[PDB]
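Asker: Residue numbers (the working numbering), protein chains in the order written: chain A, 43 to 360; chain B, 942 to 1021; chain C, 5 to 101; chain D, 213 to 282; chain E, 5 to 154; chain F, 54 to 429; chain G, 2 to 116; chain H, 7 to 177. This is the structure I want to talk about, given as structure tokens.
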Amino acid sequence: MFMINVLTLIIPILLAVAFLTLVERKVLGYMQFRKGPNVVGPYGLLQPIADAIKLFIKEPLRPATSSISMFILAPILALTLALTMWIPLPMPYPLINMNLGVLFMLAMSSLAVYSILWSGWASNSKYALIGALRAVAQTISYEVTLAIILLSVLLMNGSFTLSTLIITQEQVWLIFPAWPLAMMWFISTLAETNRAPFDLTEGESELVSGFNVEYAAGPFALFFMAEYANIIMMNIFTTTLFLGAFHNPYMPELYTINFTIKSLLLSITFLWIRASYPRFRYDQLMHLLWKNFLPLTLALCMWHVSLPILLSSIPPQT
Amino acid sequence: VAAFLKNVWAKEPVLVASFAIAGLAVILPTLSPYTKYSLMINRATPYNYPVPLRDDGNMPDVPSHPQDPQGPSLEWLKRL
Amino acid sequence: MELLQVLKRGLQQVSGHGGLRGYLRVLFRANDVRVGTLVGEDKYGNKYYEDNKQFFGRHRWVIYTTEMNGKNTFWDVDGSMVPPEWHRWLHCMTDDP
Amino acid sequence: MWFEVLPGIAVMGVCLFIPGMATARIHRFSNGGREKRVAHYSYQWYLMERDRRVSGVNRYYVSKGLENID
Amino acid sequence: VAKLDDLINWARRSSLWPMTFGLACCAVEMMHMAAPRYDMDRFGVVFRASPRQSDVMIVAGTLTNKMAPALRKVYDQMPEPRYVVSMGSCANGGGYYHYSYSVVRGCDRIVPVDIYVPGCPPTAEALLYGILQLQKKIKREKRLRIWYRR
Amino acid sequence: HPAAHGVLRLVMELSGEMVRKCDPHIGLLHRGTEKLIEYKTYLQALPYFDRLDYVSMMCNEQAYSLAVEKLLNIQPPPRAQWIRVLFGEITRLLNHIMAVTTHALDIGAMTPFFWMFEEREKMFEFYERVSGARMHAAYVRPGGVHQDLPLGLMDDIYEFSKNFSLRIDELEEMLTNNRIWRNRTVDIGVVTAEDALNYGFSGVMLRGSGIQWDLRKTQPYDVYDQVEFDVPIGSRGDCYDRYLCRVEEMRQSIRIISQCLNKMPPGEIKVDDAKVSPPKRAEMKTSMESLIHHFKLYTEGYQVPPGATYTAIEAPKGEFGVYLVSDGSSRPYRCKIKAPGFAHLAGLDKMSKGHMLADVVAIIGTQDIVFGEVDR
Amino acid sequence: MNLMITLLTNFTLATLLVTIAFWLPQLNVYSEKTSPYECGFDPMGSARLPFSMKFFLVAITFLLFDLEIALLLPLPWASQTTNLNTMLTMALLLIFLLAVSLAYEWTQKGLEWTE
Amino acid sequence: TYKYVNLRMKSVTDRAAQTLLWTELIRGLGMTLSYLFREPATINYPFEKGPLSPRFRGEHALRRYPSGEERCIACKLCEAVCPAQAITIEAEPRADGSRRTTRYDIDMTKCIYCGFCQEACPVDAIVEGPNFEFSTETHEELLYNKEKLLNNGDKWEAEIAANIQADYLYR
Ligand SMILES: CCCCCCCCCCCCCCCCCC(=O)OC[C@H](COP(=O)([O-])OCC[N+](C)(C)C)OC(=O)CCCCCCCCCCCCCCCCC
Ligand code: SF4
Ligand code: SF4
Ligand code: SF4
């Protein structure tokens, strides 16, 4: 009966992506002193359905100069990669109980850029090439910091399993002994998912649309849902990493309620962040992450290496 | 050295903070009192099987029962 | 506790629109559920309301009819169904209805 | 006013509640009322295979107690 | 096929995506329409800069002789279905600069225009009325019924 | 392109991604106003000036009216002068709101655009109440203004000017102290005073470079010498100093608006010489001379003595001038429009040397450029 | 096995959407909708010209720092080792080598940009 | 007369704490959240309309006397003052000898809506009326003849007369 579990994992996150678009437009209007979409349905509840049907009855409009192989291969790979790393998340019991789920998340997150590169190179245009180059620079910036953030936060967990991450929260949150690393991790999740002020690929003022500027409707919606599943899942991962809740084996309802509310609040905070700051230049992206973030996280990494030896607090690996 | 420290704290505080954390992480475990406690905590974890030994009749330390007072105890971690 | 007053205002907005049927009708048609002082009505069926407690621009509004000049206007409400006297009143050109 | 976003976002809450809960409920069906036996190393797998080999129905979740022996 | 026609007409008319094609005074009037006072985004109308992901195009300003190939290429790169909304008087019939040597006398000569919005500049409420008229024009489309009859 | 102002063709030689040669190809909005002007009389050529700079409409009207009144050797009544100065300051606030908010949108902060476009709509409503059109008023005419202010408008102006400084403070908190906004404009687009004057720059650019020059303080017009206000002066030539200068110019515009509202004198709104200004509709239908003058003014147009003049006003973008040459007939012989945007886009090549492409779009944003004015 | 089933189901759902997006609606193509997008004008040359990219050393040293990460990554299980002094000393040594490489990059003008 | 914009351990520690803990970013976020909790200024179009003025320049109309007889007397001042040359007038005396018009065409795609004709008319015949919601679908529908202008005048007389009564003393 794993098929039913897989379907119930993969369909409601797509529905969550659609209603994330709804509340995205609503809240993003609301801090701009205007209302959101509320004409189509009662408080605009039918906006995602109209958006989804509208993109799928348009014309795909494949370009002549585009190499059709990677042009048709990039969005499906993007949607699959945004979908395939949801499994090791404990919810409170994960789909697949992998001992090294952090490594799986890291490797499938490294794979997620390849759809952007193949969509940039497959379409023959200068804007797609510039978007691919900026995505490459964004990956250069964020990977070498994000790996060390995850390792140094994970050093008190004792193992790479995400199931044992819920055990460590039973006394106190790990955001209290690792609040600077929490700031580093939040900026890194801002940078990875390509959300403002770290967008730099789907630019409106710099480029037209960047990596998918030649992508018409149908294939374009896959990148949209992939990015929104990415941000929802990344906020769920941050919630599990730093603000893990109280788990009771006899009632999973408590933990589902708690992490759902916490991840929803973190996504609202992400929406709050994404439209209050100017967009960064991509030359200042590695003038910050390679210059200010890296020495600080090296110092904190060696501090978290030498800290359980200091206090005699070596965590168990099991 | 105060003027130079004030200058680097005014220009880039991140480097000063990083070097302070690095120096603390270098010099504090060499002054820690619980490092040997970590040593015995790691050494006392029973990973593999504690196989017994043959008897020639002359051993004052090893016991014949796990509950015998002879042999090493683990009271220090129980109290801590 | 002021939140109980907000819930009271919500239930009075539910009750004052003729009930749940009128509440759902105005919700699906006008996308608004505010009650107001009925200024009047015209010969076609356009009911013109006002409420001076709202801010400027939202202090005068109109609920359109359901059948004007033969067409079904339950969903295809147009901005040019206002007679000239009510056109003068509605766009805030004078204070005299 | 502002609280009008509070309906729609609530729907997203349901969209963040239906998956994970379902997995837990699925874990309360295929495992005979208990949780799924989390296997992480070779000895946990050996114990689970021991339950599978002793249950006689080729199901590990059918746990037999001290009443099985005489 | 009558009800399926009613569905896809509702999906296209409630998620119109215009493109950022302004040229003159009338572009500033469009930006004034997109202000919180009138709030285009409440109608399912969100600005998208790329022609490949846009539904309609509102030509705001004066279309000169140096601009006709650009407008023609931008219109030709939009995916079907596409609608063009003329705006102001410059894009309607030339308007003030109708007799000039370097102004196209109405943008109908370059692109097929669906909705004519008159003004100089037209008021943002009138522009919202024109967009609602375009939505009502989309609503009464009869694609699948005509396909079934043919 | 959203960062482009609708009509622009920047061809750049990207050396990887930095610019070595940038060339603005323009003329996509060349309507040819200066040929259509000479085929129309002065009253008919007045609304042509509303559409050159379509964020600074009343200032262009004031420049054209000042040129025609200097040629006609007539001056408006003082109430008309105070009305012109008040609506020119409202126009300056309009232009500065549009320029700052569009620059912040082109850099990436998209909230103050929606925050102050409702205030821009409020001033559009003020234009609606005073002239009858939301944007193209055609209100300032040679001889003063066209109509008197309606009853109850000035209380609305006072209330809006009272409540607008909080919005200015909100914007200045949201952008000035932001580190991301700062780091885009620390040392970008630096210009020197010698290259400011030699490249024909006027207005904020000069005040960005420390040059102390303002046409409202050195060569004043109608009542600007009777109003006390400050002039911001930059110190580095970057875009940051120009943005700060624009914000301070908004604050001084509020100050001038308060001084205007506390000092409006009673009187008439047109020049009482009926051979230039049209007569009132009450006395047109009773007096024969007024009917004859109305007929010939709205059919032929008042004659202007022959000669050439070049007047210049302090437009919100800089110095807006017109070279008007009249041959004695009711139509101008040659009307040339000098604009700050032409020289600013000419100096864009020098100001953008050695920067990344995002800094080029920042330099494009930091020049308040309206391309209808640039292409005329 | 379950990972393979999840991968196959995800790929099936992904590739079913594009097929629905392609073969369901009516296609109508000419030789202008397939043209490359250059803001309404013809493209100047092709996009296959070599970019004069300026962060080549940053990409190579990203690779090298990722291999530093690969050396530093099995550190948590080393927390269960007996010889703790050598563990701590050499984890500090490897982090110090990473910092030495970064500091040499900082001093010798490597983190900046060309031209 | 002039001012200098941008000419300005505890302070260094405060700046470093602002760098590390993001004080002014929190301030800007607080102002964003302040604007989240206010009442949005979106008016419910088309059930609500924006404020206007009695001087509003909208749709062209031809008025009439309060006896049924039309107001235009074929004086051709509107087509002589029109800056866009959008007005075409052809006139002849009708059967009773009254100087009237036979053709009065306004090209509304040429008209710039500047109200010179509504102020140059000696008998207040042509009026830039108040209607702004008159968008069409075809280009020829925006090309009014005399019959359409007379129909617009008879349609909107009931508010055009009131607007003229309210505004005529400022002229
Ligand atoms: C995950 C939980 C929630 C997290 C918070 C989420 C809500 C708040 C989000 C705020 C907005 C974030 C996005 C916008 C900003 C993006 C840019 C950015 O972050 O730039 C980073 C900025 C960039 O700095 P900058 O932009 O000022 O750079 C200027 C640099 N100089 C001065 C050289 C010219 O800061 C850093 O890079 C610093 C890294 C974080 C520092 C954390 C310090 C923790 C404490 C250390 C010890 C302190 C005590 C002293 C030593 C004691 C030793 C024993
Ligand atoms: S129609 Fe009028 S407002 Fe619009 S661009 Fe032309 S002159 Fe400007
Ligand atoms: S409003 Fe102006 S442009 Fe229009 S018809 Fe009258 S005079 Fe001509
Ligand atoms: S100005 Fe008036 S009376 Fe004269 S021709 Fe025109 S509409 Fe007729």
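Cβ coordinates follow ideal geometry from the N, Cα and C atoms, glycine included.
Looking at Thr142(H) and ligand 2, is the gap between the Cβ and the nearest heavy atom below 7 angstroms?
Answerer: Residue 142(H) sits at position 136 when you count from the first residue of the eighth sequence. No; taking the cut-off as 7 angstroms, the Cβ of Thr142(H) has no heavy atom of ligand 2 nearer than that.
Asker: With DSSP run on the structure shown, which of helix, strand or coil describes residue 28(A)?
Answerer: There is simply no residue 28(A) to check, as chain A begins at 43 and stops at 360 in what is shown.
Asker: Go ahead and pull the three-state DSSP assignment for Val276(F).
Answerer: Along the sixth sequence, one-based indexing puts residue 276(F) at 223. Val276(F): coil per DSSP, three-state reduction.
Asker: For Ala191(F) and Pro100(F), which I take to be in contact (beta-carbon distance under 8 angstroms), what is that distance rounded to the nearest angstrom?
Answerer: Position 138 of the sixth sequence holds residue 191(F). Position 47 of the sixth sequence holds residue 100(F). That pair is a contact at about 5 angstroms.
Asker: Out of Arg104(A), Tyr135(A), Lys333(A), state which residue places its alpha-carbon closest to the alpha-carbon of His289(A).
Answerer: Walking along the first sequence from the start, residue 289(A) turns up at place 247. Residue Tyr135(A) is the option with its Cα nearest to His289(A).
Asker: Could you tell me whether the Cβ of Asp36(C) comes closer than 8 angstroms to any Cβ of chain E?
Answerer: The sequence position of residue 36(C) within the third sequence is 32, counting from 1. No, its Cβ sits nowhere closer than 8 angstroms to a Cβ of chain E.
Asker: According to DSSP, simplified to helix, strand and coil, what is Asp113(H)?
Answerer: To locate residue 113(H), count along the eighth sequence from 1; it is residue 107. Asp113(H) falls in the strand class under three-state DSSP.
Asker: Quick check: what's the CA-CA separation for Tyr110(H) versus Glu96(H)?
Answerer: Within the eighth sequence, numbered from 1, the residue matching residue 110(H) stands at position 104. Within the eighth sequence, numbered from 1, the residue matching residue 96(H) stands at position 90. Rounded to whole angstroms, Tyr110(H) to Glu96(H) spans 7 angstroms at the Cα level.
Asker: In whole angstroms, give me the CA-to-CA distance for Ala170(A) and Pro44(G).
Answerer: To locate residue 170(A), count along the first sequence from 1; it is residue 128. To locate residue 44(G), count along the seventh sequence from 1; it is residue 43. Straight-line Cα distance between these residues: approximately 13 angstroms.
Asker: Does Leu28(G) get closer than 8 angstroms to chain A when you measure Cβ to Cβ?
Answerer: As a position in the seventh sequence, residue 28(G) is number 27, starting the count at 1. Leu28(G) counts as touching chain A.
Asker: Roughly how many angstroms separate the alpha carbons of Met2(G) and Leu340(A), rounded to a whole number?
Answerer: Residue 2(G) sits at position 1 when you count from the first residue of the seventh sequence. Residue 340(A) sits at position 298 when you count from the first residue of the first sequence. Using only the alpha carbons, I get a separation of about 39 angstroms.
Asker: When the Cα atoms are used, what is the spatial distance from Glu45(H) to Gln180(A)?
Answerer: One-based indexing of the eighth sequence puts residue 45(H) at position 39. One-based indexing of the first sequence puts residue 180(A) at position 138. Cα-Cα distance, rounded: 38 angstroms.
Asker: Taking the runs of the alpha helix (DSSP H) that are 4 residues or longer, which of them lie wholly in the stretch 15 to 90 of chain G?
Answerer: The stretch 15 to 90 of chain G contains these whole alpha helix (DSSP H) runs: 57 to 73, 76 to 79.
Asker: Just to confirm before moving on: does the CB-CB distance between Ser106(E) and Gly99(E) stay below 8 angstroms?
Answerer: Taking the first residue of the fifth sequence as position 1, residue 106(E) is located at position 102. Taking the first residue of the fifth sequence as position 1, residue 99(E) is located at position 95. No, the Cβ-Cβ distance between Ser106(E) and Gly99(E) is not below 8 angstroms.
Asker: Counting by C-beta, which residues lie closer than 6 angstroms to a heavy atom of ligand 3, in chain order?
Answerer: Listed along the chain, these residues meet the criterion: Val87(H), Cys88(H), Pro89(H), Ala90(H), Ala92(H), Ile93(H), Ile112(H), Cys117(H), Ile118(H), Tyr119(H), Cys120(H), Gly121(H), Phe122(H), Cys123(H), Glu134(H).
Asker: Got a list of residues with beta-carbon closer than 5 angstroms to any non-hydrogen atom of ligand 2, in chain order?
Answerer: Selection output, chain order preserved: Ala28(E), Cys29(E), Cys30(E), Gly65(E), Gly92(E), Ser93(E), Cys94(E), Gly99(E), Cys124(E), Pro125(E), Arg104(F).
Asker: State whether the stretch 392 to 401 of chain F contacts the stretch 422 to 429 of chain F, with contact taken as three or more CB pairs (one from each stretch) at a distance under 8 angstroms.
Answerer: Touching, yes.
Asker: Taking Cβ-Cβ distances shorter than 7 angstroms, what residues in chain J pair up with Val78(E)?
Answerer: In the structure shown, chain J cannot be found, because the protein chains are A, B, C, D, E, F, G and H.
Asker: Between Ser1005(B) and chain A, is there a C-beta pair that is closer than 8 angstroms?
Answerer: Start at 1 with the first residue of the second sequence, and residue 1005(B) comes out as number 64. Answer no: the Cβ-Cβ gap between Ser1005(B) and chain A never drops below 8 angstroms.
Asker: Return yes when the Cβ of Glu174(F) is within less than 8 angstroms of the Cβ of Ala39(E), no when it is not.
Answerer: Within the fifth sequence, numbered from 1, the residue matching residue 39(E) stands at position 35. Within the sixth sequence, numbered from 1, the residue matching residue 174(F) stands at position 121. Cβ atoms of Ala39(E) and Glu174(F): closer than 8 angstroms.
Asker: Using a Cβ-Cβ cutoff of less than 8 angstroms, which residues in the same chain neighbour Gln17(C) once the five nearest sequence positions on both sides are dropped?
Answerer: The residue labelled residue 17(C) in the question sits at position 13 within the third sequence. Answer for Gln17(C): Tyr27, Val37, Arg38, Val39, listed in chain order.
Asker: Considering only residues of the stretch 147 to 172 of chain H, which uninterrupted alpha helix (DSSP H) runs meet the minimum length of 4 residues and lie entirely inside it, listed in chain order?
Answerer: Counting whole runs of 4 or more residues, the stretch 147 to 172 of chain H contains no alpha helix (DSSP H) stretch at all.
Asker: At the level of alpha carbons, what is the spacing between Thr187(A) and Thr83(G)?
Answerer: Your numbering for residue 187(A) matches position 145 in the first sequence. Your numbering for residue 83(G) matches position 82 in the seventh sequence. Approximately 30 angstroms, taken between the alpha carbons.
Asker: If distances are taken between C-alpha atoms only, which option among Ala174(A), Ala224(A), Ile208(A) comes closest to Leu26(H)?
Answerer: Taking the eighth sequence and counting its residues from 1, the one referred to as residue 26(H) is at position 20. That would be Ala224(A), whose Cα lies nearest to the Cα of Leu26(H).
Asker: With a threshold of 6 angstroms on Cβ separation, who are the neighbours of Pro261(A) within its own chain once the five nearest residues in sequence on each side are excluded?
Answerer: For the purposes of this step, residue 261(A) is taken as the residue at position 219 of the first sequence. Result list for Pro261(A): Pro117, in chain order.
Asker: Indicate, with yes or no, if ligand 1 has a heavy atom lying under 7 angstroms from the CB of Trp28(H).
Answerer: In the eighth sequence, counting from the first residue as 1, residue 28(H) sits at position 22. Yes, ligand 1 has a heavy atom inside 7 angstroms of this Cβ.
Asker: Where do the ends of the alpha helix (DSSP H) carrying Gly371(F) lie?
Answerer: Position 318 of the sixth sequence, counted from the start, is the residue given in the question as residue 371(F). Segment 371 to 379 is the beta strand (DSSP E) holding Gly371(F); no alpha helix (DSSP H) there.
Asker: Less than 8 angstroms between CB atoms is the rule here; does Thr10(G) satisfy it with respect to chain B?
Answerer: Counting from 1 along the seventh sequence, the entry for residue 10(G) is found at position 9. By this cut-off, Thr10(G) is not an interface position.
Asker: Who are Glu367(F)'s beta bridge partners in DSSP?
Answerer: Along the sixth sequence, read from residue 1 onward, the residue named residue 367(F) stands at position 314. Answer is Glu372(F).
Asker: Could you tell me whether the stretch 3 to 11 of chain G touches the stretch 401 to 414 of chain F, where touching means 3 or more Cβ pairs closer than 8 angstroms?
Answerer: These segments do not touch.
Asker: Just to make sure I have the definition right: I need the residues of chain A whose C-beta is within less than 7 angstroms of the C-beta of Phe25(E). Which are they?
Answerer: Numbered from 1 along the fifth sequence, position 21 holds the residue referred to as residue 25(E). What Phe25(E) touches in chain A: nothing, since even the nearest Cβ is about 12 angstroms away.
Asker: Buried or exposed: which applies to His78(F), given that a residue is buried once 16 or more other Cβ atoms fall within 10 Å of its Cβ?
Answerer: The sequence position of residue 78(F) within the sixth sequence is 25, counting from 1. So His78(F) ends up on the exposed side.
Asker: Have a look at the DSSP bridge pairing and note the partners of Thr142(H).
Answerer: In the eighth sequence, the residue the question calls residue 142(H) occupies position 136. Bridge partners of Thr142(H): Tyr120(E).
Asker: Could you tell me whether the stretch 114 to 127 of chain E touches the stretch 78 to 98 of chain E, using the rule of 3 or more Cβ pairs below 8 angstroms?
Answerer: Verdict: yes, contact present.
Asker: From which residue to which residue does the beta strand (DSSP E) around residue 1(E) run?
Answerer: Within the shown structure, residues of chain E are numbered from 5 to 154, placing residue 1(E) beyond reach of any answer.
Asker: Cβ-heavy atom distance between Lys952(B) and ligand 1 below 7 angstroms?
Answerer: Mapped onto the second sequence, residue 952(B) falls at position 11. Yes, the beta carbon of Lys952(B) sits closer than 7 angstroms to at least one heavy atom of ligand 1.
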